[PDB]
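Any read-out appearing in this document is the output of simple, stated calculations on the displayed coordinates, not a laboratory observation.
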Amino acid sequence: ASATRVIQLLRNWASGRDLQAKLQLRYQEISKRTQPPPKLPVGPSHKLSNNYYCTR
Amino acid sequence: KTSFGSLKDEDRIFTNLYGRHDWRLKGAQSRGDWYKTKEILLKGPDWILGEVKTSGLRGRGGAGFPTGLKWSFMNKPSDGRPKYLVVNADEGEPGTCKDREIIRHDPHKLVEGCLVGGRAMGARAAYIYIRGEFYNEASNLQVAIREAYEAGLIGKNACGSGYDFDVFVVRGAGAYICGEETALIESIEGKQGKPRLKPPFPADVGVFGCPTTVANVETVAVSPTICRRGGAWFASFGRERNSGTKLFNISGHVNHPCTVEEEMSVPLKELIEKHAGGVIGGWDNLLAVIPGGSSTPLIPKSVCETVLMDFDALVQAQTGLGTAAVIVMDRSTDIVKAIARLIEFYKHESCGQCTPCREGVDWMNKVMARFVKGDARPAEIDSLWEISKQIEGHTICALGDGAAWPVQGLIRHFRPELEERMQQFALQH
Ligand SMILES: Cc1cc2nc3c(=O)[nH]c(=O)nc-3n(C[C@H](O)[C@H](O)[C@H](O)COP(=O)(O)O)c2cc1C
């Protein structure tokens, strides 16, 4: 956060905890908004043999 | 008897297989044909049927059904409709050329067989359905039938027995499916060569809606010799329930391809190495052999080493006797390519009526082409096996079974080659 050391110390004392560690606002730890393309797997019935529907 | 596979020339039914004698009436009579035919007909249908049953004769068409009971199916009181005998001379099974020799070089034997069979089944006439490509053979058969008519052997008062009988030759038009009995009946009736659905069986409703019996050329031509020389003599050759003398066509990679009338239950190795000079390059160069044409699954060299050429022995060997067309492939043969070509043949010779046949045969053809190219995956072999099993038993004709069986045999006996070729294709790309 863009908070000065005096303000950070006052905030931590008033709260009683280290707020600068577990900040609620998200800055950079979020995942990227442009993720690589995926490749999802097929299910257990995507086989060319021994897969008659009467058995499942 | 214990060991079979050595027939003496005195016992061979077809004594003019190679056309080294006259194929006309004089030659046939000199070779024993038409002897005491009047007495055979005057014996009665029951006597002829009993002789056929005692001979242990089984169908030479490929089904191997007991001939005696099949013919006796027609032995019923007349219901006001005529009865016919139909001779299956289509001979479309790849590797099968035995009926061609019978028609071309021993035609009077076939005519006498038609007469005897019609007397046994009380058939008014006989429609011989010869292959359309067999035009010279059809001409020879027509000449023989004309000679029989002139001599009084057939026609009104056939051989003086008081039995009226006609023999008709109907040429084919180029359909392998017309080899099927019901499809042949449909072709004779003038429709498309699409097999019927049983029941009704031909013995009740057949050609023109009349009781009928379809039979192979060899099965009909061996009947006069069975009646004359005796059922016991015919049964004396071959194993029990596999009795008789069988015509064999030995094609493929053999030194001397030919056709010989050996005894049933002859060892396959003895048949190949004696009458054909063995496999090209020796018996140690034999990859696989198709024993019964194309509809029968292949067998590897290990099976071919000790196997008898009869119905039961080949049935135990996960194959069939069929038309006894021994296709021989050496170890230089692309077995996958050969099986793919057979499946392509079945694709091009499919009536296209039943859904499993029409769709699945083409599907398997495409899959086999991709296997030949190697452009597939190892998981597709079991898929192809399942497709073949879905085709087999679920069709109208047995052409579905006849197209599934080669694939099943290939998958059963050479799966490592398929997987290896798939690996080769994968590595190259
Ligand atoms: C696809 C197919 C092709 C056939 N081709 C022939 C053939 O060329 N010659 C033949 O005698 N039987 C052939 N058959 C068997 C016939 O349907 C019939 O069973 C046979 O002609 C009668 O044999 P049999 O009377 O000697 O027992 C074929 C069957 C099928 C399913």
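Each part reduced to its alpha carbon centroid, region B:79-124 and region B:39-72 end up 13 Å apart.
Each principal axis of the Cα cloud of the protein assembly as shown was taken in turn, and the coordinate range along them, longest first, works out to 135, 56, 38 Å. Using Cα-only point scatterers and the Debye equation, what is log10 of I(q)/I(0) for chain B at each q in 0.06, 0.13 Å⁻¹, rounded to two decimals? The Debye formula, applied to the Cα set alone, gives -0.25, -1.12. Placing one equal scatterer on every Cα of region B:179-232 and applying the Debye formula, the log10 ratio I(q)/I(0) at q = 0.16, 0.20, 0.25 Å⁻¹ is -0.55, -0.72, -0.90. Within the same chain, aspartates and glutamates fewer than 8 places from B:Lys194 are excluded, and of the rest, those with a Cα less than 18 Å from its Cα are B:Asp90, B:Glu91, B:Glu93, B:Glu180, B:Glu181, B:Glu186, B:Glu349, B:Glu359, B:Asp362, B:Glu392, B:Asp401.
Is there a pair in B:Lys8/B:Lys70; B:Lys246/B:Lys269; A:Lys39/B:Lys366 whose C-alpha atoms are over 22 Å apart, and which pairs would that be? Pairs exceeding the cut-off: B:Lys8/B:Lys70; A:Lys39/B:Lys366.
Contact order, relative form, for chain B: 16 percent (alpha carbon pairs under 8 Å, 6 or more residues apart, mean separation divided by residue count).
The convex hull built on the alpha-carbon positions of region B:279-409 has an orientation-averaged projected area of 8.0 nm².
Over all pairs of distinct alpha carbons, what does the Kirkwood formula give as the hydrodynamic radius of region B:147-218, in Å? By the Kirkwood definition, the hydrodynamic radius is 13.8 Å. With contributions of -39500 (n - 2.57) from each DSSP H run of at least four residues, the per-residue ellipticity at 222 nm computed over chain A stands at -6000 deg cm²/dmol. Tell me whether region B:112-193 comes out rounded, prolate or oblate; compute the Cα gyration tensor, take square roots of the eigenvalues as a ≥ b ≥ c, and use a/c under 1.5 as the rounded threshold. Taking the square roots of the gyration eigenvalues as a ≥ b ≥ c, region B:112-193 is oblate.
Shape class of region B:1-141 from the Cα gyration tensor (axes a ≥ b ≥ c, square roots of the eigenvalues): rounded, since a/c falls below 1.5. Helical runs assigned H by DSSP (4 residues or longer) give chain B a calculated mean residue ellipticity at 222 nm of -13000 deg cm²/dmol, each run adding -39500 (n - 2.57) before division by the residue total.
Volume per residue for chain A equals 162 cubic angstrom (convex hull of Cα atoms).
Membrane-span-like helices of chain B, defined as complete DSSP H segments with a Cα extent of 15 Å or more along the helix axis and a mean Kyte hydropathy of at least -1.0, are identified as B:107-121, B:135-151, B:217-229, B:335-348, B:361-373, B:380-391, B:399-428.
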